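Letter by letter, the chains look like this.
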Amino acid sequence: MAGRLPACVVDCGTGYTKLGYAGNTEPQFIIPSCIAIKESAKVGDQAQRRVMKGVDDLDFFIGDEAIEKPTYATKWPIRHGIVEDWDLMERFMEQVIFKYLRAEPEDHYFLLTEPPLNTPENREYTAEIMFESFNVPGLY
Amino acid sequence: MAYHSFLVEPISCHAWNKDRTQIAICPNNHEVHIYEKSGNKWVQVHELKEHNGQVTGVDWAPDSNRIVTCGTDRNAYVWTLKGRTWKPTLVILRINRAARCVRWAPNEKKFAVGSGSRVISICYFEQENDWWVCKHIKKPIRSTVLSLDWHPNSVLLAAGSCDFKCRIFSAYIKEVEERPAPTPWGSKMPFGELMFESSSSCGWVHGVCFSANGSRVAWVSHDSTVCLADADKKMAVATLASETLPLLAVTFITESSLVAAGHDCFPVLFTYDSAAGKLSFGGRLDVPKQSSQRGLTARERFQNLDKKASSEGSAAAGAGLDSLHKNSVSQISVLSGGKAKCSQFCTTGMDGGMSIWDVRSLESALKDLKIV
Amino acid sequence: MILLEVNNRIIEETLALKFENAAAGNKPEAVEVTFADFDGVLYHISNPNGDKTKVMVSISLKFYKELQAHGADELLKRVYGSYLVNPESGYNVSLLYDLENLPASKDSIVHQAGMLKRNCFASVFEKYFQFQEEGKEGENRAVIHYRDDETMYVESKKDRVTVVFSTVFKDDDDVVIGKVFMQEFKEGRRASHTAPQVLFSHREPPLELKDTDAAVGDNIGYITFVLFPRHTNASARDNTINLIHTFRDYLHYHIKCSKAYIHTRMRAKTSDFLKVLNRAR
Amino acid sequence: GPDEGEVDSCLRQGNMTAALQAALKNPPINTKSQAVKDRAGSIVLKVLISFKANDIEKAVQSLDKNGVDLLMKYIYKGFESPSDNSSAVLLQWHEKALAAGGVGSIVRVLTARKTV
Amino acid sequence: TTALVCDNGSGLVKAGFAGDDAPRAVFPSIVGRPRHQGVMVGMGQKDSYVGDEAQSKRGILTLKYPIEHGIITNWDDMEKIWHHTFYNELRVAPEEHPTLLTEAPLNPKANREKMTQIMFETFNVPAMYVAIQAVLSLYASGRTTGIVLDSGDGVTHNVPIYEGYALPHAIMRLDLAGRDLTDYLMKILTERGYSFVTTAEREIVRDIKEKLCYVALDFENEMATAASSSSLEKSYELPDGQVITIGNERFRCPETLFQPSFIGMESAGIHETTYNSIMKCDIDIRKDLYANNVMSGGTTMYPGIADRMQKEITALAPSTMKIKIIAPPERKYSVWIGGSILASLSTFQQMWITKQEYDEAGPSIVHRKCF
Amino acid sequence: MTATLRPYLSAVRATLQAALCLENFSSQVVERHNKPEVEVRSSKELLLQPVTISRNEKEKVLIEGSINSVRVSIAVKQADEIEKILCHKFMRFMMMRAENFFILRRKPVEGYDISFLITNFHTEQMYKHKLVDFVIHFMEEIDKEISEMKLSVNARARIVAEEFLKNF
């Protein structure tokens with residue numbers, strides 16, 4: 001059973017994420033849920049607003065190697081009062097999927113993980129994303 | 001003239017001893033303390049709780065000092081100052097859900113009622129009950145009462161209703177009274193009977209007021225009709241509606257002029273003669289207790305880095321209304337000189353303050369009525 | 001940061017570890033793999049031949065039938081037929097890295113063997129290169145249906161090597177970009193003063209292969225891609241093939257990266273109205 | 001109910017003030033049929049779309065308070081129906097009707113038991 | 001009610017409605033955006049201060065008016081200013097009302113699509129057409145026929161008309177504007193010894209010049225005079241409480257129109273350069289043209305230049321025929337008012353592309369394989 | 001400026017002066033627990049009229065009122081998918097933040113484009129007419145913000161080759 005490709009698991013841990021590939025017998029990965037962006041706050045010069053035109057103005061890196069990045073604050077979209085960066089978690093996972101795993105989420109199937117004490121809105125806004133951004137054939 | 005909120009109660013009603021000294025209040029929720037005219041300061045005098053149905057109206061019989069209490073429970077009582085505190089003394093009724101308003105048959109004979117249950121629970125005292133008891137006008141009425149006024153002969157009654165139809169009634173009880181004098185509106189005067197009507201189902205009648213002897217009567221609905229019936233014009237009637245914001249209150253202040261107030265918070269005058277439908281105004285009555293010199297630029301600066309409502313306007317000079325007229329004004333009454341010769345008048349609001357007022361500046365006219 | 005490699009992060013590190021392990025003589029654990037890439041890939045990997053000292057990668061795609069028709073095989077017999085291998089079943093072909101297929105310098109192949117995807121594409125693109133170099137029009141076009149709500153072919157002309165396309169538009173909110181921003185490429189290159197011909201075509205495939213204005217006034221992208229020899233030299237070529245073997249697939253992923261992003265503005269904005277809403281007081 | 005020929009007579013004769021007083025004449029208040037009401041509303045709205053901005057205030061000052069209240073019931077009747085930017089000419093009518101009646105003319109439409 | 005007429009161009013914006021006596025929507029066709037760390041961070045400011053607000057804040061801002069391959073290139077910075085029009089000047093939608101747009105002669109290919117892409121997908125106008133600005137001037141004069149000068153802040157052009165039939169080979173478009181003047185003009189401050197001379201003072205330079213400059217009457221007489229006088233020198237306040245007193249420069253640098261050669265630039269001087277229109281024109285008309293010489297712009301409001309350019313032109317010209325040279329009060333301001341008033345000839349609308357035409361093919365209904 | 005908006009919203013605020021009614025009653029036949037009174041309206045004579053108010057030809061408002069609680073809904077000229085679904089990436093985003101401001105009839109209601117649930121509680125909670133003098137006009141400003149997202153989003157269209165091709 002498949003899209004073109006079968007199901008796989010990510011366990012989306014609030015320290016490290018873990019996963020493996022169709023046919024293996026282990027998580028091939030158990031890995032830092034972390035990402036680094038400069039937040040040194042001297043917001044200055046040549047100003048612009050209200051215009052999403054082609055950029056020269058982003059400075060960011062993701063995963064275990066983002067831990068090395070200087071002035072880049074290696075944040076963690078783990079859940080720890082910080083929750084709101086489920087916004088970044090999309091772009092983050094888009095990197096993971098298409099660029100670390102180097103994969104195709106409209107062809108595979110998926111299983112993903114949540115805590116018992118979960119509220120709806122943070123997932124359900126990401127459900128348009130799951131089926132319009134990630135456009136998966138099926139998941140739960 | 002003068003104002004203060006000694007503490008910021010949502011004064012939902014006010015009542016007194018006839019010397020206007022001990023202010024009782026309908027509070028927030030179910031928590032009363034009475035305060036008193038400490039010269040002109042306001043200082044606590046009582047704690048009351050045991051009428052537990054919040055509070056609604058009352059009828060403080062203000063000579064005899066008997067607050068018949070009402071609200072969202074049949075633990076409704078003559079509260080009386082037992083020397084110690086105002087304390088309960090039970091009434092028995094056959095209303096349900098609530099009592100909104102209560103009304104001494106003017107000679108304090110009994111009171112009339114407005115129920116949470118479509119009805120007039122006509123309530124009469126029994127020494128034998130140790131308490132009141134009632135009988136009911138469930139019919140010919142259809143729905144219940146918001147406002148009440150006995151005609152001065154005290155067995156004759158007017159009311160404003162959620163049954164809308166602007167009807168005049170009799171409610172004599174054999175075991176406390178005898179039937180009243182040949183009422184020109186209609187004189188079938190036993191229990192529960194209908195004297196007269198004006199065809200007006202025109203909003204739920206919200207204020208009812210006799211002229212200075214009740215030869216004519218006014219009404220208003222909360223839908224803000226303003227209206228009358230006059231007997232000597234041969235059971236004549238009148239109706240109008242205001243221009244301004246919807247009514248809180250109206251009263252006669254003669255047989256020919258009345259004070260009205262609404263969500264505009266300022267009072268406006270009304271004037272009349274006897275020209276049937278010729279209902280007529282007289283303009284806004286008040287002048288604000290404020291002047292333009294108010295300000296404190298330091299906190300205006302501090303809280304223009306923060307931004308809560310931080311784009312200014314004179315609406316804020318009345319906490320949204322302008323005129324110092326607040327989140328809202330909430331009641332009006334005459335203090336002294338009365339519905340003929342007033343020397344002072346007063347008003348309440350959501351701010352919890354006493355206010356007293358500029359009357360006799362407006363004394364500037366003579367005589368009234370014209371048989372038209 | 002958003003970049004990629006033709007060899008895979010997932011694969012190179014694990015199998016170079018398996019080959020660090022092969023150098024050490026180490027014993028197995030159970031690998032088998034299937035997955036996907038751009039271009040509709042079914043990757044595979046395995047413990048083939050049952051035993052403690054082999055690995056095999058394999059791959060399968062439907063339109064291999066349109067591709068084995070072409071002599072791709074010979075460059076690959078050099079670069080990868082340096083290694084000793086056989087096709088697996090169900091897969092088109094497979095690479096047996098038997099741990100006795102490993103050299104002294106075990107690293108040296110790893111990158112190359114991983115980059116094989118695009119390199120298989122390049123192994124046949126060279127024929128249209130050779131057709132252009134031999135001065136040949138129209139030669140032997142590689143009509144492939146890699147995709148099918150889309151179309152493509154590779155072909156040649158004496159001056160210039162070529163590819164052509166189709167792709168059906170789904171939404172007008174896409175079309176309003178499609179029929180605008182490539183016309184600030186087809187009329188706009190001054191700050192990007194390099195590019196070969198690329199013609200995105202909201203209706204128009206070229207004439208030897210299909211014919212122009214074959215869409216709903218805008219509803220099919222018959223894109224086309226044609227090379228100046230300042231690309232068809234033995235160099236500027238390679239850079240560019242790499243982009244192309246991801247381009248629109250990768251782009252249509254970047255779309256969503258940017259869709260997500262606006263919600264910064266929107267977070268700020270919506271939070272601003274939550275501020276503004278107080279001011280009624 | 002109103003008379004179509006009576007209103008068109010004033011309207012075609014340039015007696016726009018008479019067209020107004022005629023189009024307001026004998027309102028369908030007592031009829032429970034909405035169709036007879038909408039005929040009167042179409043008569044009145046045709047007059048309202050036919051006016052000149054400057055002439056509105058002359059015509060509005062000719063009405064008594066009952067005419068202004070009835071007019072507000074009709075302006076409201078117009079406003080339920082978007083089309084032809086009718087609401088733009090109606091807003092200019094309202095501005096004059098409001099200047100003549102005052103806000104009590106709004107209150108009285110909001111109180112009505114039966115209406116146009 | 002309305003249809004929309006604008007000086008959408010260089011200098012200030014100078015817009016109004018159709019038919020008005022005056023442009024009214026008026027501020028610089030240039031804007032600024034903070035050049036700074038906003039050290040009082042969170043002080044509630046948006047990222048731009050615009051023309052008049054740009055000037056109110058010009059010590060704060062980065063500003064744009066792009067490459068002399070056009071007037072501008074990221075016209076999608078007037079992006080912002082489109083809204084600055086629609087709301088911040090007006091509070092209205094263009095999408096409501098038929099629009100009179102304008103563009104110059106000889107614009108390179110892509111213009112009109114890239115424009116109309118916005119003008120209908122974005123500005124969504126009911127229907128529109130685009131004018132060329134020269135004869136707008138003659139409408140105000142009530143004329144059709146003569147030679148029309150533009151020199152401005154965007155551009156220059158030199159335009160023969162004959163009730164239409166305007167000359168494709170003897171109309172003379174040129175990049176030139178008052179825009180350009182300052183690069184020579186401001187190097188002089190080191191002759192002035194001013195250790196203090198920047199970019200933002202260019203506007204004050206332009207100020208002093210617009211207050212006190214004129215074009216020299218016979219320049220070596222002026223040079224001998226500057227070599228012998230300083231009544232030339234005239235005082236000017238500066239923002240801390242200073243004055244500077246300066247004023248030979250005030251007509252020295254005002255020679256460069258005859259001497260582009262000042263930057264070593266191989267261009268002829270002004271009237272000589274311009275004469276070539278006429279030289280390429282019909283020859284017969286060159287009598288009658290003596291009465292038909294129409295001249296205008298903000299750049300045209302200087303003293304001394306008029307008699308100078310006449311005598312200069314006269315150094316090219318025969319005598320022989322009856323002169324009229326034609327340059328009105330407010331010629332600088334005037335052009336929008338003539339173009340405003342055109343719309344009264346409602347005929348002017350009938351040319352209009354509607355949004356339908358623009359939708360159906362695209363603006364491929366009208367762009368630039370079209371002539 | 002769009003100046004008949006002044007007649008429009010001055011007449012809105014003249015309606016919201018004629019009829020700033022909302023004040024409370026609980027019960028007289030059925031329970032004291034004050035309801036979504038505008039939803040649960042049984043009968044007319046106690047209550048405000050049901051109403052609708054065009055601006056033009058697509059644009060209009062609905063207002064409906066129990067004597068104590070009220071609906072609004074408002075309709076917009078716009079009708080392209082490029083107008084709608086794109087701003088509805090926001091009208092999705094919007095609705096949890098309605099839970100942070102408490103008076104939406106929380107949906108982008110069709111025939112209109114939105115709706116509101118309004119009640120007497122608010123009249124006792126803080127303030128007076130500065131409230132509606134904010135609200136009715138704030139409601140335009142959040143429409144003028146569509147122009148703000150407009151150039152924003154159109155400039156996201158100007159992201160396009162400005163990345164992919166401009167890499168080279």
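Residues numbered from 1 in each chain as written, not as in the entry; some residues may be left out. Chains lettered and ligands numbered in written order. Part of a larger assembly, values for the part shown. Heavy atoms only, no water. Residues with missing side-chain atoms left out of burial classes, pairs and counts.

### Description of the overall build of chain C
- Scanning chain C from N- to C-terminus turns up eight helices and nine strands.
- Based on the C-alpha atoms only, the size of chain C along its principal axes is roughly 75 × 65 × 35 Å. (Helix = DSSP H or I, 4+ residues; strand = E, 2+ residues; numbered from the N terminus.)

### Looking at the sheet that holds strand β2 (residues 60-65) of chain F
All names here are of chain F.
- Spatial strand order, β1-β2-β3-β4: four strands in an open sheet with antiparallel pairing. Each edge of the sheet is formed by a strand with only one pairing partner; in this case those strands are β1 (50-54) and β4 (115-119). Shown here is a sheet whose adjacent strand axes are inclined to one another by a mean of 15 degrees, direction ignored. (Pairing = 2+ DSSP bridges. Axes fitted to C-alpha atoms, helices over the stretch in contact; angles between N-to-C directions.)

### Topic: the domain arrangement of chain C
- If you check the domain split of chain C, you get domain 1 (1-131) and domain 2 (133-281).
- The residue inventory of the side of domain 1 of chain C that touches domain 2 of chain C, partitioned by class, reads three nonpolar, one polar and no charged. (Domains from an automatic or database assignment. Nonpolar A, V, L, I, M, F, W, Y, C, P; charged D, E, K, R; others polar.)

### Things to note about the arrangement of the chains
- Contacts are most numerous between chains B and F, considering all nine pairs of chains that are in contact.
- At no point do chain A and chain B touch; the closest pair of C-alpha atoms across them sits 18 Å apart. (Contact = heavy atoms within 4.5 Å.)

### Examining the sheet that holds strand β4 (residues 32-38) of chain B
Residues and elements named next belong to chain B.
- Sheet architecture is open: four strands sit in the order β2-β3-β4-β5, paired in antiparallel fashion. Whereas interior strands pair on both sides, the edge strands pair on one side only; in this sheet they are β2 (13-15) and β5 (41-48). Averaged over all neighbouring strand pairs, the angle between strand axes comes to 30 degrees, with direction disregarded.
- Summarising the sheet, strand β3 (residues 22-26) and β4 pair through two bridges and their orientation is antiparallel. Looking at the pairing, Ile23 lines up with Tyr35 of β4.

### What about the interface of chain F and chain B?
- On the side of chain B, 11 residues touch chain F, which itself brings 11 residues to the contact.
- Residue classes in the side of chain F that touches chain B are distributed as three nonpolar, five polar and three charged.

### Observations regarding the interface of chain E and chain A
- Between chain E and chain A, the residue contacts involve seven residues of the former and five residues of the latter.
- Grouping the amino acids of the side of chain E that touches chain A by side-chain chemistry returns one nonpolar, three polar and three charged.

### Concerning helix α4 (residues 130-157) of chain F
- Compared with an ideal rise of 1.5 Å per residue, which puts 28 residues at 40 Å, α4(F) spans 40 Å between its outermost C-alpha atoms and is within 8% of the ideal.
- At F:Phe138, α4(F) shows its largest bend, some 30 degrees. (Expected span 1.5 Å × (residues − 1). Bend = angle between axes of the 7 residues up to and from the residue.)

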